[PDB]
Amino acid sequence: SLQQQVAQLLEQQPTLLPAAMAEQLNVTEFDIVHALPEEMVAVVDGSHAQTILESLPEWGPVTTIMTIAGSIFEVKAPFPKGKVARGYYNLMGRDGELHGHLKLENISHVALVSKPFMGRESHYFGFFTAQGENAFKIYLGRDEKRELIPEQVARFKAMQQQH
Amino acid sequence: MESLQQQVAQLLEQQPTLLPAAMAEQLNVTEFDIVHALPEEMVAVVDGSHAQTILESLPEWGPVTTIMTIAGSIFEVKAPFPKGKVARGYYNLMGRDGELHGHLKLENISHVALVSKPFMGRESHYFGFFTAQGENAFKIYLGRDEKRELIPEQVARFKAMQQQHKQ
């Protein structure tokens, strides 16, 4: 299939994030995610990710990344809690946190993903669409030092196969 | 069959709550077309070439709310605006604590709008950033205090800016 059809580049062409390889292979970033090595990804049913999202505050510091029009926005803070109101998954941040409303209903799939970049591991949650597009991602937060909380990564790997 | 301007004004008086994106769906146009069709007093449109400059002025302003929309999900950052420096591909943001971090492609912003349109029945102002396609990349709303009111300084500054680019 595709995974096999191009694992040449990863990580022989190291440093290639899924979104960009999508272009070389002309398939959704999700297609790449599916095509990633089993070690690398942990694909999940996308329906009602509000509970996985609800677990997020416990984790600690995280970085929330959304990219629109080629601009990248990231907020480095603990994930907000949340409640469902007016049909959406709404805000629950108090300070320096993330707001405000998340239509998760349009999220078809969630992929827990861990791919090392530039000689360094990288672990995040990738949120997708039926279209396969990448709505946004949650990268594991980091200490004062450049990388990750040791407690969190354990949860990340613990996710596969399931808790 | 009226001008887009007339359709939009009509839409204002009949459905004030409607956001310009929603309006965009309503009349089957890009968001820039509505914002540009808004009543003359209500909006200034400045070249995207000046985008950077405007952002460079914002860290002084104080706390603002940067909002973006992806896949029906809306994301808001209530914080002051980070200073920035152009490196490699982008205008890179230097965020501290609560401030937002990122890399903005100011080259792919063809237009910047200063829009004074009431939000949820209240006084509201925002900077809109538009691609060449006419889609709204992101918005920067003027900040509110704890008592839910705007900040006099920000509104004075923003109004003066509108006035400038109104020629």
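Residues numbered from 1 in each chain as written, not as in the entry; some residues may be left out. Chains lettered and ligands numbered in written order. Heavy atoms only, no water.

Structure determination for this entry is recorded as X-ray crystallography, at 2.901 Å resolution.

**Re the interface of chain B and chain A**
Here is the rule: Note on contacts: a residue pair qualifies if any of its non-hydrogen atoms lie within 4.5 Å across the two residues. Two parts placed together each lose some accessible area under a 1.4 Å probe, and adding up what both lose gives the buried area. Basic side-chain nitrogens of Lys or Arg form a salt bridge, by our definition, when they fall within 4 Å of a carboxyl oxygen of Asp or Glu. Within 3.5 Å is the distance limit for a polar contact, defined as a pair of N or O atoms, with the added protein rule that one can donate a hydrogen and the other accept it, and that residues adjacent in sequence qualify only through two side-chain atoms. Where helices and strands are cited, they refer to DSSP runs of H or I of at least four residues and of E of at least two residues respectively, numbered from the N terminus.
Taken together, the contacts link 24 residues of chain B with 25 residues of chain A. For the pair chain B and chain A, the summed buried area comes to about 2100 Å², and 61% of that belongs to carbon and sulfur atoms. The tally of links from chain B across to chain A stands at 0 salt bridges. Connecting chain B to chain A are 9 residue pairs in polar contact. Elements that contribute at least two residues to the side of chain B that touches chain A include exactly β2 (63-70), β3 (73-80), β6 (101-104) and β9 (136-142) of chain B.

**A closer look at the pairing of β9(B)**
Residues and elements named next belong to chain B. How we decide: Whether a residue is buried, partly exposed or exposed follows from its accessible area with a 1.4 Å probe, protein chains only, as a fraction of its type maximum: under 20%, in between, or over 50%, in that order. Whether two strands pair depends on DSSP finding at least two bridges between them.
With 7 of its 7 residues buried, β9 lies for the most part within the structure. Across 5 bridges, the pairing between β2 and β9 is antiparallel. Across the sheet, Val-64 pairs through a bridge with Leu-142, a residue of β9. As defined by bridge partners, strand β8 (residues 125-130) adjoins β9 across 5 bridges and the pair is classed as antiparallel. Bridge assignment links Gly-128 to a residue of β9, and that residue is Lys-139. Hairpin remark: β8 followed by β9, antiparallel, with 5 residues in the connecting loop; positive phi at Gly-134, about 100 degrees.

**Things to note about the sheet that holds strand β3 (residues 71-78) of chain A**
This is how the line gets drawn: Axes here refer to lines fitted to C-alpha atoms; in helices the fit is confined to the stretch in contact. Angles between the N-to-C directions go from 0 to 180 degrees.
Overall, antiparallel pairing links the 9 strands, which are arranged β1(A)-β7(A)-β8(A)-β9(A)-β2(A)-β3(A)-β6(B)-β5(B)-β4(B) in an open sheet. Taken across any chain shown, the strands that pair with only one partner, and hence form the sheet edges, are β1 (41-45) of chain A together with β4 (83-87) of chain B. With strand direction ignored, the average angle separating the axes of adjacent strands in the sheet is 20 degrees. With 5 bridges joining them, strand β8 (residues 123-128) of chain A and strand β9 (residues 134-140) of chain A adopt antiparallel strand pairing. Paired with A:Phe128 across the strands is A:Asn134, a residue of β9(A).

**Brief notes about the packing of helix α4 (residues 51-61) of chain B against helix α5 (residues 152-165) of chain B**
All names here are of chain B. Quick reminder of the rule: Each angle gets one of four labels, with under 35 degrees taken as roughly parallel, over 145 as roughly antiparallel, 65 to 115 as roughly perpendicular, and the rest as oblique. Each crossing gets its hand from how the near helix is turned against the far one by less than a right angle, where anticlockwise is left-handed and clockwise is right-handed. Under the grouping applied here, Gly and all other residues not named as nonpolar or charged are polar, the nonpolar ones being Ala, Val, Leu, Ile, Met, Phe, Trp, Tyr, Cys and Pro and the charged ones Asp, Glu, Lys and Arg.
Close contact between α4 and α5 brings their axes to 11 Å; oriented N to C, the two are set at 160 degrees. Classed by the angle they form, the pair α4 and α5 counts as roughly antiparallel. The two elements α4 and α5 meet at a crossing, and its hand is right-handed. When α4 is examined against α5, the residues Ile-54, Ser-57 and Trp-61 are found in contact with a partner set consisting of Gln-154, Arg-157, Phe-158 and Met-161. Here the residues of the contact of α4 with α5 sort into 4 nonpolar, 2 polar and 1 charged.

**What about the side chain of A:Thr63?**
All names here are of chain A. Structurally, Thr-63 can be placed in strand β2 (residues 61-68). Judged by relative accessible area, which is 3%, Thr-63 ranks as buried. Non-local contacts of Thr-63, meaning those with residues more than four positions away in its chain, are made with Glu-74, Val-75, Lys-76, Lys-137, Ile-138, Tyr-139, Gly-141 and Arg-142.

**A short note on the sheet that holds strand β1 (residues 43-47) of chain B**
Ordered by their spatial adjacency, 9 strands build an open sheet running β4(A)-β5(A)-β6(A)-β3(B)-β2(B)-β9(B)-β8(B)-β7(B)-β1(B), and the pairing between neighbours is antiparallel. Looking along the sheet, the strands with just one partner apiece sit at the ends: β4 (84-85) of chain A together with β1 of chain B. On top of the sheet, α5(B) reaches β1, β2, β7 (111-116), β8 and β9 of chain B; it is set at about 125 degrees to β7(B), its chief contact.

**Some words on the nonpolar core**
Residue and element names in this part refer to chain B. Rules: To define a nonpolar core, start from buried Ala, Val, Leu, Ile, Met, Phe, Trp, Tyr and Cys residues and group those joined through side-chain atoms within 4.5 Å.
Ranked by size, the top nonpolar core spans 59 residues in total, and within it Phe-127 and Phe-129 carry the most contacts. Element by element, the count of residues in this core is highest for α4, at 5 residues. Apart from the residues lying within four places of it in its own chain, the contact partners of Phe-127 are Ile-54, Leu-58, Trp-61, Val-112, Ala-113, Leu-114, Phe-138, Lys-139, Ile-140, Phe-158 and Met-161. One finds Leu-18, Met-23, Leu-38 and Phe-130 within the second-largest nonpolar core, a separate group that totals 19 residues.

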